[PDB]
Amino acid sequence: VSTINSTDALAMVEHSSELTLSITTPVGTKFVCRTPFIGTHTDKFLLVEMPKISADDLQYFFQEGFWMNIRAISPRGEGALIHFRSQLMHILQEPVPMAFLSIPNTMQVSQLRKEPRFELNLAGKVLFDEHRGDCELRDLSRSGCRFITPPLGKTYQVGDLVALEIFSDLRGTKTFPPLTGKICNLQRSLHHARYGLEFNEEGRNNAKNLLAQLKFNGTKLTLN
């Protein structure tokens, strides 16, 4: 792991992303919860939304002065795991429930992935048994990828073997050879279902060729 200044570290974290708060009371009792990162006020405070927890834990584990270990994630490229200690300084209910946490001078950062994931937005179809539904590739690596599907579309579970046919252009006809792999992770949202995939040998060869046709436009990878 590496130690870097808090301004630079937090700059790697997208606002609204999820933070993992591990709180340790004065007696030693631990408590972990998740909550959205709002942002920072100057160099004085780290702002987060009040955790979606019980009103009992909320006032027995979430009190001013209590310390906690916070984990944040930087999604781009090889990604990064960010860890640091912070003290709960202030709690407000109005105009909206939120917490002000202290910002240490430095934070620890560690590599999250073996290789980088490249962002993109490529429409395609996902194959699974008799199903063939719409999907969009959101990121691609040499070993895997991320794709999303409609909330009402067929769902997959970790371990399922699927294949993605990515359109080579807007015609919605011709596609790159199948990207085959197993679902490794998933996360349902209100606007779509997300899946992480790890390619089998054939998938890796086809991904390699697809990456070879993509160009970086300063923001993400794009097709011709």
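A residue's number is simply how far along the shown sequence it sits, counting from 1.
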Practice prompt. Averaging only over Cα atoms, indicate whether 164 to 172 or 40 to 48 has the higher B-factor in the PDB entry.
Written response: 40 to 48
Worksheet, complete the sentence: Avg C-alpha B-factor, entry values, 141 to 149 vs 86 to 94, higher side is 86 to 94
Worksheet item: Which one of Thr180, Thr155, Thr29, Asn185 shows the top CA temperature factor in the record?
Response: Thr29
Worksheet entry | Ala99, C-alpha B-factor rank within chain (lowest, middle or highest third) | highest
Discussion item. Using only modelled residues of the chain, where does the Cα B factor of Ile23 rank: lowest third, middle third or highest third?
Written reply: highest
Discussion item. Sorting by Cα B-factor within the chain, modelled residues only, which third would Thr222 end up in: lowest, middle or highest?
Written reply: lowest
Item to complete: Would you please rank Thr106 by its C-alpha temperature factor against the other modelled residues of its chain and give the third it falls in: lowest, middle or highest?
Response: middle
Worksheet entry | Among modelled residues of the same chain, the CA temperature factor third for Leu197 | lowest
